[PDB]
Amino acid sequence: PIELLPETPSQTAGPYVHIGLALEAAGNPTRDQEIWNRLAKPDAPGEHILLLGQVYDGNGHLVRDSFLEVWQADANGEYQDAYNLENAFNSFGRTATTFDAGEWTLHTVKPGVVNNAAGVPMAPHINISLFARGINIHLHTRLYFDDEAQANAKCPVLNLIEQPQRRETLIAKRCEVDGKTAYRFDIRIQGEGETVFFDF
Amino acid sequence: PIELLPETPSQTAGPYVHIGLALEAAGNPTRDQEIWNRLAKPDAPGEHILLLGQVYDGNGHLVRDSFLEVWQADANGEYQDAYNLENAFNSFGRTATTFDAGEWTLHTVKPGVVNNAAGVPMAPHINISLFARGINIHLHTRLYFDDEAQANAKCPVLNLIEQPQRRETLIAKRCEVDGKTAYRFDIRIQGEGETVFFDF
Amino acid sequence: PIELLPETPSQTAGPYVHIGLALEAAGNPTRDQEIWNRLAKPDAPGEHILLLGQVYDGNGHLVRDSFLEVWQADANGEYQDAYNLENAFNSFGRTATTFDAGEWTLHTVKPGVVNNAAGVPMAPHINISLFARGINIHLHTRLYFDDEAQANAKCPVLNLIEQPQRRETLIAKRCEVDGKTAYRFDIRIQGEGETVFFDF
Amino acid sequence: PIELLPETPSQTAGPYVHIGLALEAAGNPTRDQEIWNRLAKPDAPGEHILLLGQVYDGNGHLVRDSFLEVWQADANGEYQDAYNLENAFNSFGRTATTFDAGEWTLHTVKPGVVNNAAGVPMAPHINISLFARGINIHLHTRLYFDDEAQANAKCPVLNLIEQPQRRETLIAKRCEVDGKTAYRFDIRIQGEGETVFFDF
Amino acid sequence: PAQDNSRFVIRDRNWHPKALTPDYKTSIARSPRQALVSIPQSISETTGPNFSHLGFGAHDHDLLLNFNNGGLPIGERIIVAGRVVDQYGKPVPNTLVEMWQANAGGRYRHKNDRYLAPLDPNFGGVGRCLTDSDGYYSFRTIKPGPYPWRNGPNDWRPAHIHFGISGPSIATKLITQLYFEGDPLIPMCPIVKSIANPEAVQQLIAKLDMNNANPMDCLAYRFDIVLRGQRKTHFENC
Amino acid sequence: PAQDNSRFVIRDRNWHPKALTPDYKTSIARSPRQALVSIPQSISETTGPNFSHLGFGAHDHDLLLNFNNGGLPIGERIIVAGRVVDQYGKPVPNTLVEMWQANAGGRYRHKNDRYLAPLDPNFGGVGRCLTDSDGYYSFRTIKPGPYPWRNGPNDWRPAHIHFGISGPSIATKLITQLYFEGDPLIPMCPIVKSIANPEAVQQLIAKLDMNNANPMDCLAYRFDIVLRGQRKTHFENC
Amino acid sequence: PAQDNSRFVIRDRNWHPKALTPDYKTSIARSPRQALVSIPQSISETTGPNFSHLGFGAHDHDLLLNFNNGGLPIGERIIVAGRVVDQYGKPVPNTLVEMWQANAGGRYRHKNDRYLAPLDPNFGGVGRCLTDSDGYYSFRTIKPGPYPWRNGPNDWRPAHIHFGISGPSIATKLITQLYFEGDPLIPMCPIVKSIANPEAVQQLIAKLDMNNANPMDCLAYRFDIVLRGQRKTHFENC
Ligand SMILES: [Fe+3]
Ligand SMILES: [Fe+3]
Ligand SMILES: [Fe+3]
Ligand SMILES: [Fe+3]
């Protein structure tokens, strides 16, 4: 059969990923422009939301050295690939877990609906890639919202998860944090309540 | 690189280990001198204690054919390596689980503090090696004491276990057996509450 | 390691090099345009000079079939690379030794100073490449001028020649040929007074 | 045939040999005890002498980074192998050429006569080993004395040099330096007056 | 905005390291036990950020100058350069390449590294750049030293530089490690050996590149990166 | 005027013939005995003449017509063509390729050649051309004959054409010789054997190229030339 | 005093590097052109200094502590250890082993080294020790970096440590260089290649020795040294 060049193989990001990709967190000086966890400036259109979460290993313990990359549509359901710190909104961001409490945060807007390739609407979601010591190839997941239950029930991606109980692992819980809408999305890498991870 | 002669590979001790190493327990006559579970003559220095425990598999069932070897400092923190049945104290001993109850016992004294190679005091501990049918290479662990909390919290070996919850698996529980001071040290080979095992 | 395509290997130009590269000297008709030994039109800027020299083998005998290529800055220290017989000045030229006397000649101007890659001025020089029967790969050298002693003493290329006595082999001697300013640059391929040859 | 383990192959000492073997000369602090160029304290028996010399390459230029080791008998013709800085005399010493003037020196006593293995007396000599950048395996030579001409004429080692003219290269020239007996021994590695070098 | 007009060749997850590679001890509790759920590519997966207009500092790619505290770092001066292409051999231009590493002694400038080898006051260990219009990137740095870590009782990472590459989409994004030609630690490392196929391991070994060296100044290593092949959609929804 | 904007890969002087190759007798007294002195590249070495504005005659590359004295030369009609590239594989366009050779009988049109084989009144033996924008050159000529020479007592050069190529700088300039596929004199020649590596010798052997032949007219040989690799400067003076 | 009671196996001067190895340029003018004169062993050649009573400082073998100016040197912490034996396999006890090297960046602490890589304020680069009663020696140091030198236009020494070994006599004394397992610079170095036989080159390559490493602290290399075989005299003068 036709064999292409093989892809460069993945390796773990390791526990010092912060020094390359999350400079503050390593305990280090930042450069003038950094890619970080504020996807939306106050003036971006849409519903401004706080996202937060913790990451657990198979023994139920906090993963305190997680690194997360996120990719989401704007409030119109359009992906904005022209990354610029001058933009009111960027579709891409990065965050990391605090070594102390183990919590990451993101400041963004709720994404609009986007269709799959077959033209069927997907429920609002944020695409997540998770890296850490111990993770040899990053884990892909999606964060959906518990205030979109009717949309989630019809999502063609959630419907590819055979068991309804496993779909629940992708649904972030709405709360209020200092009077702003927030959602908690915890990730369990292994075992009870294991988060669904995707291949694509 | 430099490659030395390879070490002879381990194999399981098997379920008849007692024939060779625990003769009474096999149902067999003993020889004049046997290496067994009474480390201390009644007048050896220090606090005389009973140690006892049961061993569990990953299904929560007793491992009734366990064989254990122990190595500990005397009450003055000295390792007595010149094994002799006439010694007041031997730092080495053997025991095995009863086939009925699955319980092993050891009669000893509480070990004194010894320093690690950097000169940092280790909390009082007994070194244990566990052998059995199903165990291809013996498992190393340490038994520490729940009434040495201050020392345990500062032990440079316990501190190498990343999770505090796992450190708890090595802490034996003070109790009384026939009115006498004892510590119970159960070992869980696999699963919930899995005992920390060491490589060195 | 990374291995590129190998360079085509050198071979001697042989004793009939003149057929291809010095047509007059071979005894043959010339083409309309030839690359030869008059680098400067009479009105080119700078001090007009004659260069001449003889080439000796390791036995002290004339190399009567030498072919030489030269490359030098113009009087303003500029390398004129757009070769054209209509140019006031060409930085490139060719010459060859006469078979009778073994003497080559070049008509040019004294080159201006150019800086090395670190910005340090080099003393005025002509780059020379020497080809002949018996020479398997051409020899690189430089002709400097004996009336530029101050510059020569500070030249970062001459200073890479470890022995002062060897630096002297690259210094052409001011003289007069038919009353006109000239510099003689004899080359000794081998032995006593051997000319410095470069690799770069 | 019988093949033993091969000897570790030699390599050049290189131009920074001083930092390992001639600490002062590298521009560096010395240790409490160094092996250097004073073989005899004032109180050693025998005729106290100064040795000096320069080393030349094949182009007649000074070798300014030479390192020399010497081995000689005491005034009785006995070799003293028990090296100690407390000794009035040591048979071994080291010296090096000044980077500036290129001269080495040694302070010693004139050695006594020693017989070869066949019982034939050798003329007084100092064994020399020469190391430097460009010397892949050290060169062995002997320094004999011009005030021993009658002994030198009968030396069985000098008589192994087929040509009388080459024997002259091993004869140091007696002089007086600030009222003390001295001998100059210059070494020419290559070419005119090339110093005899030995294999043994 | 971005459009869904490309598809990316499916990953070979036996060429990549699997999640559970127990000799690399931290992977045991940090690997999923359930199968990954395959999903078809949509615009969510086939698009990603383009960093053409991220503002880079003049020394961002130059670790010899980007933590300057009065001098040059100590260690083996090297250029690390290469090309990013996709599996079809097409260059990946204007893509973000980030890297981080230890200093010459194997010490990282991170609060959580307590290895006894000292920090270098003129080395920070982080670089980034964008590939050029032809897919090429370049860094100048010091060769990192090996370093011991609490896996087995005497485990040492080979000298390595961590790399992150964005590529055209979140489907192509990759984190990996570069190792150095001939390093005898490579075959011994449980992180290297998380990759099961020896030919895949070879793809992470940078080659000494004398052609790219600056004489009397610095050596050079070459490390090419291959991202998932990108093709146009064809015959979909018909 | 010319600028210093590039560097050239250092030559492998064990791939090239060495200076002293005593079986080629004239090399004994015409080889330096002192080592070459290495110097860094400057504008002096990294620039050189470009010949785009040299006026070439219509037949300068055609040896069948460029010495026309009433007829065609006698001999095996051949096209000699190829590509000039650098070591990175990049074509070298608009570069000067010059060649010279003996006639079909091994006689050179040079006043110092006294070989008894006759001159051909319609053959001169010199060609030049500039490579095109893709690096290709071509000449039309007759195949030269071997010829005997006063080295050993029975030495004969294989059939060969002398080549000179300018390239982008004086650092790239090269003179070499082309030999012909299968010629049994090649392994016997002390000039060929000045090159120590048999693989390097193979690089000088032109291959029969039937694809490029003119049927019923002339055969063709292909000879590709590789000059030193050229790269941009990087990280200099910093 | 010393006695003439042993003989030493004659050196193989085709196993050692020859004097004239022109690719190592400085050897051209520093090699004798006349043959060495062979002489029989006498007491002058078969004896030598014994350094049992030379006074060593406590850190003489420990380059991490022997130039202490307020800290530890930067670089790859290593032990370099091995055994000195003779060709018959007999250990050479109480023999002097001296070594010197560059720092982690390839810079030597010598007035004549002007390489642009910086000095390390806590590294000097010199060690010595005596072998023990069983022939073993040990040093602690930093792995030296490669360094560029003015031979060819882009030549670099592999990482190396210079060694001097006395042995039992002035006939056994040896200076050599240690190289490191897997270093891709080794086959390219004209000083390495002064040795004609590839098997002899292999004898200078130190092997990574994980068995001798201090976990979480330093790696280790093993380098064994073989001096000329020593035997008793037999059947002489009869
Ligand atoms: Fe790392
Ligand atoms: Fe059995
Ligand atoms: Fe010819
Ligand atoms: Fe060195």
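Student: Help me understand the UniProt feature "binding site: Fe cation" in chain E, please; the structure alone is not making it clear to me.
Tutor: Residues and elements named next belong to chain E. The positions UniProt marks with the feature "binding site: Fe cation" are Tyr108, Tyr147, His160 and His162. With the annotated positions falling across 55 residues, the maximum pairwise C-alpha distance of 13.7 Å places them together in a single cluster. Structurally, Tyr108 can be placed in the loop between β4 (96–100) and β5 (126–130). Accessibility expressed as a relative area gives 0% for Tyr108, which makes it buried.

Student: Would you explain the side chain of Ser166(E) in this entry?
Tutor: Note on placement: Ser166(E) falls in the loop between β9 (160–165) and β10 (174–180). Given the relative accessible area of 11%, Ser166(E) is considered buried.

Student: Would you explain the interface of chain F and chain C in this entry?
Tutor: The accessible area lost on association of the parts is a frequent measure of interface size. Listed by partner, the interface residues are 85 residues for chain F and 74 residues for chain C. Both faces considered, chain F and chain C share a buried interface measuring about 7100 Å² in area, 58% of it formed by carbon and sulfur atoms. Our enumeration of links across chain F and chain C arrives at six salt bridges. The closest approach of N and O atoms between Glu45(F) and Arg142(C), which form a salt bridge, is 2.8 Å. Linking chain F to chain C there are 48 residue pairs in polar contact.

Student: Is there a simple way to explain the coordination of the iron ion (ligand 1) in this structure?
Tutor: Octahedral metals with six donors have ideal donor angles of 90 or 180 degrees. Tetrahedral metals with four donors have an ideal donor angle of 109.5 degrees. Residues and elements named next belong to chain E. The iron ion (ligand 1) binds to the protein through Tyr108 (OH), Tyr147 (OH), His160 (NE2) and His162 (NE2), with metal-donor distances spanning 1.9 to 2.2 Å. If you look at the iron ion (ligand 1), its four donor atoms make angles of 81 to 171° with each other, and the shape they trace is irregular. For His160, a relative accessible area of 1% puts it in the buried group. The class for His162 is buried, based on a relative accessible area of 4%.

Student: Can you walk me through the UniProt feature "binding site: 3,4-dihydroxybenzoate" in chain A in this structure?
Tutor: The sites that UniProt annotates as "binding site: 3,4-dihydroxybenzoate" are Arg133(A). When you line up the elements, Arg133(A) lands in the loop between β7 (126–131) and β8 (139–145). Accessibility expressed as a relative area gives 17% for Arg133(A), which makes it buried. The residues contacting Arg133(A), other than those within four sequence positions of it, are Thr12(A), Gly14(A), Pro15(A), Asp65(A), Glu162(B), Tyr24(E), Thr26(E) and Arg30(E). Side chain to side chain, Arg133(A) and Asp65(A) meet in a polar contact 2.9 Å long.

Student: Looking at this structure, how should I read the nonpolar core?
Tutor: If you look at soluble globular proteins, the nonpolar side chains tend to sit buried side by side. Counting residues in each nonpolar core, the largest one holds 122 residues, and the members touching the most others are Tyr137(E), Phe163(E), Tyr137(G) and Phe163(G). Counting residues in each nonpolar core, the second largest holds 56 residues, with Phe89(C), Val114(C), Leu158(C) and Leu54(F) among its members.

Student: I'm lost on the interface of chain A and chain E in this one. Help?
Tutor: Listed by partner, the interface residues are 73 residues for chain A and 86 residues for chain E. Taken as a group, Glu7(A), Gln11(A) and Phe200(A) account for 13% of the area that chain A buries against chain E, more than any other trio of residues on that side. On the surface where chain A and chain E come into contact, there are six salt bridges. With a closest N to O distance of 3.0 Å, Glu7(A) and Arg11(E) form a salt bridge. Across the contact surface, chain A and chain E share 47 residue pairs in polar contact. Those elements that place two or more of their residues in the side of chain A that touches chain E are α1 (17–21), α2 (23–26), β2 (67–72), β3 (92–96), β5 (114–115), β7, β8 and β12 (198–199) of chain A. Considering each element in turn, the side of chain A that touches chain E owes the most residues, five residues, to α1(A). Classifying every residue of the side of chain A that touches chain E gives 37 nonpolar, 22 polar and 14 charged. Here β12(A) runs beside strand β2 (residues 37–38) of chain E; their pairing, made up of two bridges, is parallel. Bridge pairing in β2(E) links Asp199(A) to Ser38(E).

What counts and how
Residues numbered from 1 in each chain as written, not as in the entry; some residues may be left out. Chains lettered and ligands numbered in written order. Part of a larger assembly, values for the part shown. Heavy atoms only, no water. UniProt positions renumbered as here; feature names shortened; annotations may be inferred. Helix = DSSP H or I, 4+ residues; strand = E, 2+ residues; numbered from the N terminus. Buried < 20%, exposed > 50% of the residue type's maximum accessible area, 1.4 Å probe, protein only. Contact = heavy atoms within 4.5 Å. Buried area = accessible area lost by both parts, 1.4 Å probe. Salt bridge = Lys/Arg side-chain N within 4 Å of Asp/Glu carboxyl O. Polar contact = N/O pair within 3.5 Å; in protein donor to acceptor, adjacent residues only side chain to side chain. Donors = N, O, S within 2.8 Å, 3.2 Å for Na, K, Ca; no water. Tetrahedral: all angles 85-135°; square planar, octahedral: opposite > 155°, others 65-115°. Core = buried A, V, L, I, M, F, W, Y, C linked by side-chain atoms within 4.5 Å. Nonpolar A, V, L, I, M, F, W, Y, C, P; charged D, E, K, R; others polar. Pairing = 2+ DSSP bridges.

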